[PDB]
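> Need coordinates for the following:
(one chain, ligands or ions: 1)
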Amino acid sequence: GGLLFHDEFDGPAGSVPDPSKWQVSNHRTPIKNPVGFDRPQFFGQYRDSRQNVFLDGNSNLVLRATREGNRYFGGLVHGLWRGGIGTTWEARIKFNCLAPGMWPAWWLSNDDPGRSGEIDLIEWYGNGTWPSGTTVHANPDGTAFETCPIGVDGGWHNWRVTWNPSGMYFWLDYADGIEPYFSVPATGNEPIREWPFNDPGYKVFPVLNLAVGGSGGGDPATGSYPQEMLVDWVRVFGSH
Ligand SMILES: [Ca+2]
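Numbering: from 1, shown residues only. Here you go:
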């Protein structure tokens with residue numbers, strides 16, 4: 001009935017997420033000219049290990065922050081399926097990681113050469129300074145963006161974006177008749193607003209991650225281990 005993609009994350013405790021649907025990251029690319037908490041000693045890695053990315057046996061994906069000596073690890077999964085415009089994306093998430101050092105996110109990525117972009121449905125920052133929120137990036141440099149702060153607590157919540165030719169609409173705990181908390185219109189005058197999302201054939205894939213350290217996470221040495229981000233499901237619906 002219009003379901004294009006999902007994962008309900010069913011499966012035995014300790015197992016890998018569905019390999020036909022997700023790639024588990026085994027590397028977080030280092031930051032160019034790093035300063036502050038982007039420097040290597042503060043920069044938690046991604047690891048394809050069941051210590052950091054696993055199904056819990058209760059129908060959740062777990063992304064877990066761990067520490068081994070003075071090395072820090074988080075987790076990232078990258079969806080192998082890509083969807084275009086006229087789609088509604090939603091994940092049910094519990095952030096058990098709203099603590100210093102941590103940087104969880106639920107977002108959509110386009111990595112096409114020359115027109116990359118990203119749709120950050122929700123990010124929370126453990127660095128004690130930046131407000132949690134939602135961002136649409138129309139370039140990979142962070143200079144063509146629309147952002148909106150929204151609070152994050154530790155309960156189960158559904159985070160949704162509907163992406164159609166008119167623009168992008170975001171909900172927290174969507175229900176019939178509720179307004180989106182953030183709307184980003186498609187471009188309809190100089191300088192021309194950067195906006196690749198209405199280009200023909202433009203598609204994005206889902207990403208879920210718990211990053212440790214980096215500018216958004218703050219000092220991982222101040223962190224608590226373990227911390228976890230739980231995902232009950234990711235669903236993507238089309239429109240007729
Ligand atoms: Ca589930």
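> Return the residues in contact with the residue nearest in space to the middle of the chain.
Central residue of the chain (C-alpha atoms, centre = their mean): residue 106, 2.2 Å from the mean position. Applying C-beta atoms under 8 Å, 6 or more residues apart in numbering to residue 106 gives the contacts 91, 93, 120, 121, 122, 123, 159, 206, 207, 208, 231. C-beta coordinates here come from the backbone N, C-alpha and C atoms, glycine included.
> Report how many residues lie close to residue 113.
The number of residues packed near residue 113 is 5, by other C-beta atoms under 10 Å.
> I meant to write residue 37 there.
When neighbours are counted by other C-beta under 10 Å, residue 37 registers 22.
> ok so, going back, need the contacts of residue 106 in CSV with secondary structure, can you?
As requested, the contacts of residue 106 are exported to CSV (DSSP: H, G, I helix; E, B strand; the rest coil):
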residue, secondary structure
91, strand
93, strand
120, strand
121, strand
122, strand
123, strand
159, strand
206, strand
207, strand
208, strand
231, strand
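> What residues does residue 23 make contact with?
Shown in contact with residue 23 (C-beta under 8 Å, 6+ apart): 77, 78, 80.
> hmm, try it at 10 Å
The neighbours of residue 23, taking C-beta atoms under 10 Å, 6 or more residues apart in numbering as the test, are 17, 48, 76, 77, 78, 79, 80, 205.
> and residue 197, how many neighbours does it have?
Here the number of neighbours of residue 197 (other C-beta under 10 Å) works out to 22.
> can I assume it is in contact with residue 168?
Yes: at 7.6 Å, residue 197 and residue 168 qualify as touching, with contact defined as C-beta atoms under 10 Å.
> Now list whatever residues contact both of the two.
Shared contacts of residue 197 and residue 168, counting by C-beta under 10 Å, 6+ apart, come down to 85, 119, 136, 184, 186.
> Which positions in the chain make contact with the ion?
Proximity of the chain to the ion (C-beta under 5 Å from the ion) is limited to residues 8, 9, 59, 232, 233.
> Helix or strand for the last one, just tell me which one.
Here residue 233, judged by DSSP states H and E, is contained in strand 227-237.
> circling back: mind picking the two most distant members of the contacts of residue 106?
Greatest spatial distance in the contacts of residue 106: 120 and 231, 15.7 Å, computed using C-beta to C-beta.
> count of neighbours near the residue nearest to residue 230 when sequence neighbours are not counted?
Nearest non-adjacent residue to residue 230, counting by C-beta to C-beta, 6 or more residues apart in numbering: residue 94, 4.2 Å away. The burial metric for residue 94, expressed as a neighbour count using other C-beta under 10 Å, is 16.
> And the one residue in the chain that gets nearest to the ion, how close does it get to residue 161?
Using C-beta to the ion, the single residue of the chain nearest to the ion is residue 59, 3.2 Å away. Going from residue 59 to residue 161 by C-beta to C-beta, to the nearest Å gives 23 Å.
> neighbour-wise, which of these two wins?
Set side by side, residue 59 and residue 161 show unequal neighbour counts under other C-beta under 10 Å, the larger going to residue 161 at 26 against 13.
> what about dumping the CA coordinates of the helix or strand where the more buried one lies to PDB?
If you go by DSSP H and E, residue 161 is part of strand 156-164. Provided in PDB are the C-alpha atoms of strand 156-164 (Å, rounded to 0.1, in the frame of the first residue of the first chain):
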ATOM      1  CA  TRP A 156      10.100   7.000  22.300                       C
ATOM      2  CA  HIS A 157       9.300   9.400  19.400                       C
ATOM      3  CA  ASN A 158       8.600   9.200  15.600                       C
ATOM      4  CA  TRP A 159      10.600  11.600  13.500                       C
ATOM      5  CA  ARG A 160       9.100  12.200  10.000                       C
ATOM      6  CA  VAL A 161       9.800  14.200   6.900                       C
ATOM      7  CA  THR A 162       7.500  14.400   3.800                       C
ATOM      8  CA  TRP A 163       9.500  15.400   0.800                       C
ATOM      9  CA  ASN A 164       7.500  16.500  -2.300                       C
END
